[PDB]
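Listing of entry.pdb; format and content: PDB, C-alpha atoms (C1' of nucleotides) and all ligand atoms.
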ATOM      1  CA  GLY F   1     -32.958  65.279 110.075
ATOM      2  CA  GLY F   2     -36.410  64.821 111.602
ATOM      3  CA  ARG F   3     -39.226  65.780 109.256
ATOM      4  CA  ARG F   4     -42.966  65.189 109.320
ATOM      5  CA  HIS F   5     -43.747  61.532 108.754
ATOM      6  CA  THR F   6     -47.308  60.440 107.934
ATOM      7  CA  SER F   7     -47.434  56.917 109.370
ATOM      8  CA  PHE F   8     -50.365  54.564 109.763
ATOM      9  CA  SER F   9     -51.522  51.769 112.050
ATOM     10  CA  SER F  10     -54.451  49.358 111.749
ATOM     11  CA  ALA F  11     -56.509  47.987 114.631
ATOM     12  CA  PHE F  12     -58.705  45.056 113.622
ATOM     13  CA  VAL F  13     -61.013  43.657 116.307
ATOM     14  CA  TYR F  14     -62.954  40.368 116.420
ATOM     15  CA  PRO F  15     -64.621  38.398 119.249
ATOM     16  CA  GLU F  16     -63.433  34.854 118.495
ATOM     17  CA  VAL F  17     -65.828  33.182 120.943
ATOM     18  CA  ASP F  18     -67.621  29.938 120.065
ATOM     19  CA  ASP F  19     -68.307  26.439 121.392
ATOM     20  CA  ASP F  20     -70.226  24.968 118.451
ATOM     21  CA  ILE F  21     -68.398  22.505 116.194
ATOM     22  CA  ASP F  22     -70.483  20.121 114.087
ATOM     23  CA  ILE F  23     -68.819  17.208 112.298
ATOM     24  CA  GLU F  24     -72.287  15.850 111.384
ATOM     25  CA  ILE F  25     -71.221  12.225 111.866
ATOM     26  CA  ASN F  26     -74.928  11.267 112.049
ATOM     27  CA  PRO F  27     -75.271   7.922 110.203
ATOM     28  CA  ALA F  28     -78.577   8.911 108.594
ATOM     29  CA  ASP F  29     -76.066  10.174 105.986
ATOM     30  CA  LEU F  30     -72.925   8.229 104.954
ATOM     31  CA  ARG F  31     -73.830   5.503 102.500
ATOM     32  CA  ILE F  32     -71.510   2.520 103.083
ATOM     33  CA  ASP F  33     -70.456   0.400 100.094
ATOM     34  CA  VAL F  34     -68.484  -2.824 100.569
ATOM     35  CA  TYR F  35     -66.606  -4.604  97.783
ATOM     36  CA  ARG F  36     -63.674  -7.006  97.413
ATOM     37  CA  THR F  37     -60.067  -6.017  96.840
ATOM     38  CA  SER F  38     -57.728  -6.419  93.868
ATOM     39  CA  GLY F  39     -56.475  -9.819  94.998
ATOM     40  CA  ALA F  40     -52.931 -10.959  95.727
ATOM     41  CA  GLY F  41     -53.419 -13.277  98.709
ATOM     42  CA  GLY F  42     -54.743 -16.231  96.766
ATOM     43  CA  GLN F  43     -58.204 -17.576  97.351
ATOM     44  CA  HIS F  44     -58.999 -15.677 100.524
ATOM     45  CA  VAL F  45     -58.776 -11.974  99.725
ATOM     46  CA  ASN F  46     -60.745 -12.494  96.512
ATOM     47  CA  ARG F  47     -63.582 -13.974  98.588
ATOM     48  CA  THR F  48     -63.586 -11.547 101.508
ATOM     49  CA  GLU F  49     -65.468  -8.281 100.926
ATOM     50  CA  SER F  50     -62.852  -6.340 102.862
ATOM     51  CA  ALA F  51     -62.773  -2.987 101.077
ATOM     52  CA  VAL F  52     -65.232  -0.253 101.969
TER      53      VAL F  52
ATOM     54  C1'   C X   1     -55.736 -32.720 102.106
ATOM     55  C1'   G X   2     -54.922 -42.035  98.461
ATOM     56  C1'   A X   3     -57.624 -33.822  95.266
ATOM     57  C1'   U X   4     -63.847 -30.082  96.944
ATOM     58  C1'   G X   5     -59.814 -26.146  90.821
ATOM     59  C1'   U X   6     -60.260 -19.770  92.191
ATOM     60  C1'   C X   7     -62.093 -13.940  91.005
ATOM     61  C1'   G X   8     -63.919 -11.522  86.684
ATOM     62  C1'   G X   9     -65.853 -11.832  81.547
ATOM     63  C1'   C X  10     -68.741 -14.882  77.593
ATOM     64  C1'   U X  11     -72.902 -18.272  77.312
ATOM     65  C1'   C X  12     -77.371 -20.310  79.338
ATOM     66  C1'   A X  13     -80.255 -19.305  82.785
ATOM     67  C1'   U X  14     -83.765 -20.250  87.216
ATOM     68  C1'   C X  15     -86.250 -19.134  91.742
ATOM     69  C1'   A X  16     -87.397 -15.710  96.008
ATOM     70  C1'   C X  17     -90.078 -10.792  97.059
ATOM     71  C1'   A X  18     -87.544  -7.069 101.415
ATOM     72  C1'   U X  19     -90.513  -4.519  93.781
ATOM     73  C1'   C X  20     -86.660  -0.446  89.638
ATOM     74  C1'   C X  21     -90.738   0.020  85.622
ATOM     75  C1'   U X  22     -95.921  -1.072  84.038
ATOM     76  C1'   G X  23    -101.054  -2.501  87.015
ATOM     77  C1'   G X  24    -104.635  -1.720  91.352
ATOM     78  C1'   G X  25    -105.351   1.590  96.055
ATOM     79  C1'   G X  26    -104.990   4.402 101.123
ATOM     80  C1'   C X  27    -102.562   8.911 103.177
ATOM     81  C1'   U X  28    -100.199  13.635 102.049
ATOM     82  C1'   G X  29     -97.054  19.553 104.039
ATOM     83  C1'   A X  30    -101.784  15.576  97.289
ATOM     84  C1'   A X  31    -104.645  22.400  93.613
ATOM     85  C1'   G X  32    -102.712  20.683  88.230
ATOM     86  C1'   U X  33     -98.096  18.272  86.100
ATOM     87  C1'   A X  34     -94.431  15.993  88.788
ATOM     88  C1'   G X  35     -93.098  13.508  93.530
ATOM     89  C1'   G X  36     -92.839  11.420  98.930
ATOM     90  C1'   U X  37     -94.612   7.088 101.783
ATOM     91  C1'   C X  38     -97.097   2.614 102.811
ATOM     92  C1'   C X  39    -100.036  -1.882 101.283
ATOM     93  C1'   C X  40    -101.398  -5.667  97.305
ATOM     94  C1'   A X  41     -98.864  -7.759  93.064
ATOM     95  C1'   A X  42     -93.412 -11.725  90.435
ATOM     96  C1'   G X  43     -97.166 -11.937  84.272
ATOM     97  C1'   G X  44     -93.525  -9.824  81.380
ATOM     98  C1'   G X  45     -89.579  -6.577  80.894
ATOM     99  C1'   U X  46     -85.355  -5.270  83.757
ATOM    100  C1'   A X  47     -78.855  -0.331  78.863
ATOM    101  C1'   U X  48     -74.788   0.720  75.198
ATOM    102  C1'   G X  49     -69.934   2.422  75.953
ATOM    103  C1'   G X  50     -64.639   5.258  78.217
ATOM    104  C1'   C X  51     -61.101   3.711  82.366
ATOM    105  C1'   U X  52     -59.555  -0.951  85.601
ATOM    106  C1'   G X  53     -57.885  -8.004  84.963
ATOM    107  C1'   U X  54     -61.686  -6.083  88.515
ATOM    108  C1'   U X  55     -67.274  -7.170  90.700
ATOM    109  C1'   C X  56     -68.124  -2.567  92.496
ATOM    110  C1'   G X  57     -67.514   2.443  91.262
ATOM    111  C1'   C X  58     -66.878   7.223  88.602
ATOM    112  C1'   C X  59     -68.291   9.495  83.893
ATOM    113  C1'   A X  60     -70.943  10.256  79.069
ATOM    114  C1'   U X  61     -75.492   9.268  76.506
ATOM    115  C1'   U X  62     -80.336   7.032  77.014
ATOM    116  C1'   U X  63     -84.646   4.320  78.643
ATOM    117  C1'   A X  64     -91.099   3.044  81.020
ATOM    118  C1'   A X  65     -87.006   0.965  84.349
ATOM    119  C1'   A X  66     -81.725   0.311  83.335
ATOM    120  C1'   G X  67     -84.388  -3.774  91.157
ATOM    121  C1'   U X  68     -82.048  -6.411  95.328
ATOM    122  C1'   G X  69     -80.323 -11.423  96.248
ATOM    123  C1'   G X  70     -80.159 -17.086  96.441
ATOM    124  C1'   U X  71     -78.475 -20.564  93.125
ATOM    125  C1'   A X  72     -70.233 -24.259  95.343
ATOM    126  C1'   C X  73     -71.124 -15.275  96.435
ATOM    127  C1'   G X  74     -75.161 -20.662  89.503
ATOM    128  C1'   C X  75     -72.227 -22.121  85.154
ATOM    129  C1'   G X  76     -63.692 -24.279  83.564
ATOM    130  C1'   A X  77     -66.160 -33.436  82.204
ATOM    131  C1'   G X  78     -69.009 -25.594  78.078
ATOM    132  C1'   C X  79     -65.143 -21.416  76.731
ATOM    133  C1'   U X  80     -61.343 -17.563  77.973
ATOM    134  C1'   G X  81     -56.602 -17.120  81.557
TER     135        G X  81
HETATM  136 MG    MG L   1    -100.884  13.189  92.011
HETATM  137 MG    MG L   2     -67.436  -3.727  77.121
HETATM  138 MG    MG L   3     -70.420  -0.985  83.136
HETATM  139 MG    MG L   4     -66.381 -19.557  85.683
END

What does the file become when written as structure tokens?
Amino acid sequence: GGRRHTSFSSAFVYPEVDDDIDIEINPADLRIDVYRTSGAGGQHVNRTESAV
RNA sequence: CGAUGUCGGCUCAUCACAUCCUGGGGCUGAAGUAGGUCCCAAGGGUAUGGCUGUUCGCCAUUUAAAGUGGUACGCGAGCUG
């Protein structure tokens, strides 16, 4: 029993065009701190500053 | 290898200067206050705690600053385990 329907539709547009991705992995930043581990491998792992 | 005992903490330190603070200066994108940077300088000073066995670290609250390291990563014929 066809009656007047008031239906809608959306049309969103966007370019989506880029080539610029910056991780900023420049080592002027990124302070590095080295320390030793908890220690389970005897005398060696407590002496080696392995963690970072 | 017919013995050179090991991290951390406590204690006691001592020297180096690539100096965290105080002192003396240059330069400044230094008006002033407050900072940045570099040079000279080691005389003295150079946190208390929550969490972890932890050094470190994170966090809270300060302080003029809560320096970086060597010293069997100082110290078990001194201690803890
Ligand atoms: Mg000034
Ligand atoms: Mg304590
Ligand atoms: Mg602490
Ligand atoms: Mg000891």

Residues of chain F were defined as contacting chain X if any atom lay at most 6 Å from it, counting all atoms listed in the file; please report them as a PyMOL selection string. chain F and resi 35+43+46

To one decimal place, how far is atom CA of residue 39 of chain F from atom CA of residue 52 of chain F in Å?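 Straight-line distance from atom CA of residue 39 of chain F to atom CA of residue 52 of chain F works out to 14.7 Å.
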
Write out as a Markdown table a residue-level contact list of segment 50-81 of chain X versus segment 21-25 of chain X with cut-off 10 Å: for each qualifying residue the closest pair of atoms and the distance in Å to one decimal, counting all atoms listed in the file, rows sorted by chain and residue number upward.
| residue | atom | partner | partner_atom | distance |
| --- | --- | --- | --- | --- |
| X:64 | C1' | X:21 | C1' | 5.5 |
| X:65 | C1' | X:21 | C1' | 4.1 |
| X:66 | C1' | X:21 | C1' | 9.3 |
| X:67 | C1' | X:21 | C1' | 9.2 |

Care to translate the PyMOL selection byres (((chain F and resi 48-51) around 9) and not hetatm) into actual residues of this file, as a list in words?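 Applying the PyMOL selection byres (((chain F and resi 48-51) around 9) and not hetatm) to the structure shown produces residues 33, 34, 35, 36, 37, 44, 45, 46, 47 and 52 of chain F.
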
Close residues to ligand MG 1 (chain L) using all atoms listed in the file, limit 9 Å, as number ranges by chain: X: 30, 32-35

Using all atoms listed in the file, I'd like a table of the residues in chain X that come within 12 Å of ligand MG 2 (chain L); for each, show the closest atom pair and its distance in Å rounded to one decimal, ordered by chain and ascending number, as CSV.
residue,atom,partner,partner_atom,distance
X:9,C1',L:MG2,MG,9.4
X:10,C1',L:MG2,MG,11.2
X:48,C1',L:MG2,MG,8.8
X:49,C1',L:MG2,MG,6.7
X:50,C1',L:MG2,MG,9.5
X:51,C1',L:MG2,MG,11.1
X:52,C1',L:MG2,MG,11.9

I need the residues from that last selection saved to file as a PDB file, in the frame of the given file (with C-alpha atoms (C1' of nucleotides)), if you can.
ATOM      1  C1'   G X   9     -65.853 -11.832  81.547  1.00  0.00           C
ATOM      2  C1'   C X  10     -68.741 -14.882  77.593  1.00  0.00           C
ATOM      3  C1'   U X  48     -74.788   0.720  75.198  1.00  0.00           C
ATOM      4  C1'   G X  49     -69.934   2.422  75.953  1.00  0.00           C
ATOM      5  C1'   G X  50     -64.639   5.258  78.217  1.00  0.00           C
ATOM      6  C1'   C X  51     -61.101   3.711  82.366  1.00  0.00           C
ATOM      7  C1'   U X  52     -59.555  -0.951  85.601  1.00  0.00           C
TER       8        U X  52
END

12 Å shell around ligand MG 4 (chain L) using only C-alpha atoms (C1' of nucleotides) and all ligand atoms, listed as a PDB file with C-alpha atoms (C1' of nucleotides), in the frame of the given file:
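Output file out25.pdb is given in full below:
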ATOM      1  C1'   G X   5     -59.814 -26.146  90.821  1.00  0.00           C
ATOM      2  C1'   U X   6     -60.260 -19.770  92.191  1.00  0.00           C
ATOM      3  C1'   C X   7     -62.093 -13.940  91.005  1.00  0.00           C
ATOM      4  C1'   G X   8     -63.919 -11.522  86.684  1.00  0.00           C
ATOM      5  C1'   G X   9     -65.853 -11.832  81.547  1.00  0.00           C
ATOM      6  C1'   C X  10     -68.741 -14.882  77.593  1.00  0.00           C
ATOM      7  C1'   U X  11     -72.902 -18.272  77.312  1.00  0.00           C
ATOM      8  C1'   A X  72     -70.233 -24.259  95.343  1.00  0.00           C
ATOM      9  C1'   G X  74     -75.161 -20.662  89.503  1.00  0.00           C
ATOM     10  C1'   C X  75     -72.227 -22.121  85.154  1.00  0.00           C
ATOM     11  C1'   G X  76     -63.692 -24.279  83.564  1.00  0.00           C
ATOM     12  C1'   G X  78     -69.009 -25.594  78.078  1.00  0.00           C
ATOM     13  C1'   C X  79     -65.143 -21.416  76.731  1.00  0.00           C
ATOM     14  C1'   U X  80     -61.343 -17.563  77.973  1.00  0.00           C
ATOM     15  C1'   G X  81     -56.602 -17.120  81.557  1.00  0.00           C
TER      16        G X  81
END
